[PDB]
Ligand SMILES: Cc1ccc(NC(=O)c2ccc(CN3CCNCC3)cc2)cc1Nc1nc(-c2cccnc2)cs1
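The chain below stands alone, shown as structure tokens; this is the form solved without the ligand.
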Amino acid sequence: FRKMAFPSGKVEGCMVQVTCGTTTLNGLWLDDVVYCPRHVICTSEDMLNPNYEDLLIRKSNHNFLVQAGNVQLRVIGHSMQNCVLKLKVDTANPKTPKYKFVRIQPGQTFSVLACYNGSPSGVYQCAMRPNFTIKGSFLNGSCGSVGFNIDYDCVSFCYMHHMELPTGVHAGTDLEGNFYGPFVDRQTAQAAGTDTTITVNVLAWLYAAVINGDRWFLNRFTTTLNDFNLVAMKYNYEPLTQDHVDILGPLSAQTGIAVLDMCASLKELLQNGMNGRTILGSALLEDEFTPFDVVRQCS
């Protein structure tokens, strides 16, 4: 049972290179605007303690080198919206897909098109951790790579990568520039805070396991919602709500396994471990499939 990323073609045609001074990173060219992390205007010395307003004022529209493959783009307007730069350009992107900007919630998943100096190199599926970080592969040059979901013909852009934390985990903003979590685009030590397992995702993945033939973890016991959350808090699992039970509805109906019985199987799993066995070929509980992901992949 494999992690699916969304087909990336609609985003590939939007990836551009942005160079300001000597710093260079990825941008998102939609209509006549190019979006990129504002720390493109920062030297590596600037990053220690940037005054972005002050730093942006030293910059004019011609200081910005936006290149899309070969055609260079004429910048005729620059603006700072929170932590993103918005470079107004003359040519509107002919390849602009239908798109929204969305701010997702912790636990939701999305595809990332990692790009290095403007060219896409790879695509992967990941989750917004409950502590608003993402654990991924953002190497030097991947700043400005975007996260997205695709519904039919519409690209919901939800993530732009900005920083690697000293802890090696990754942080970024929505497409309006607001960071997810308590992070700032400054090279200083920033605490991520206690991460937790996305409980509704693990339950969804267990439904995927039942759908695909793995059933050993199904138990004779059952449990109440409170008893389960009592076990959940001990193991750093996100508390399960009734909203979470509702979202798991279709999966419970497809398999004929009530949510609370599944929660009871997860309870014994948490209290006993997996005892050397695997579920869907994994020796540990996967929490980066939402119930929507499991439905989408089982449909």
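A residue's number is simply how far along the shown sequence it sits, counting from 1.
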* Would you mind comparing 195-203 and 68-76 for me and telling me which has the higher average C-alpha temperature factor in the entry? => 68-76
* **Comparing 290-298 with 3-11, the one whose average Cα B-factor in the PDB entry is higher** => 290-298
* Asked: Among 42, 248, 28, 233, which residue carries the highest C-alpha B-factor recorded in the PDB entry?
  -> 233
* Structure fact -> Here the Cα B-factor of residue 173, set against its chain, lands in the third termed lowest
* Could you say whether, by C-alpha temperature factor, residue 127 belongs to the lowest, middle or highest third of its chain? => lowest
* Asked: Ranked by Cα temperature factor within the chain, is residue 36 in the lowest third, the middle third or the highest third?
  -> lowest
* Consider only the C-alpha atoms of the modelled residues in this chain, order them by B-factor as the entry records it, and name the third containing residue 113: lowest, middle or highest. => lowest
* **Where the record places residue 136 (Cα B-factor, split into thirds across the chain)** => highest
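Although not depicted, the form solved in complex with the ligand is the subject of the following passage.
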* To do: Could you superimpose the pocket C-alphas so that the ligand sits on this ligand-free chain as it does in the deposited bound form, and then tell me whether the site is open or blocked by the 2.4 Å backbone/C-beta test with a threshold of 3 atoms?
  => blocked
* Asked: Is residue 237 one of the residues lying within 4.5 Å of the ligand in the deposited bound form, judged by heavy atom distances?
  -> no
* To do: Give a yes or no for residue 194: in the deposited bound form, does one of its heavy atoms lie within 4.5 Å of a heavy atom belonging to the ligand?
  => no
* Asked: Can you check whether residue 208 is within 4.5 Å of the ligand in the deposited bound form, heavy atom basis?
  -> no
* To do: Answer yes if any heavy atom of residue 142 is within 4.5 Å of a heavy atom of the ligand in the deposited bound form; otherwise answer no.
  => yes
* Structure fact -> If we test each of 103, 186, 86, 135 for a heavy atom within 4.5 Å of the ligand in the deposited bound form, the one that passes is 186
* Asked: Three residues, 52, 164 and 170; all within 4.5 Å of the ligand in the deposited bound form via heavy atoms?
  -> yes
* Any idea which of 223-231, 197-205, 154-162, 67-75 reaches within 4.5 Å of the ligand in the deposited bound form, heavy atoms considered? -> 154-162
* Structure fact -> Near the ligand in the deposited bound form, with a heavy atom at 4.5 Å or closer, the residues from 74-111 are none
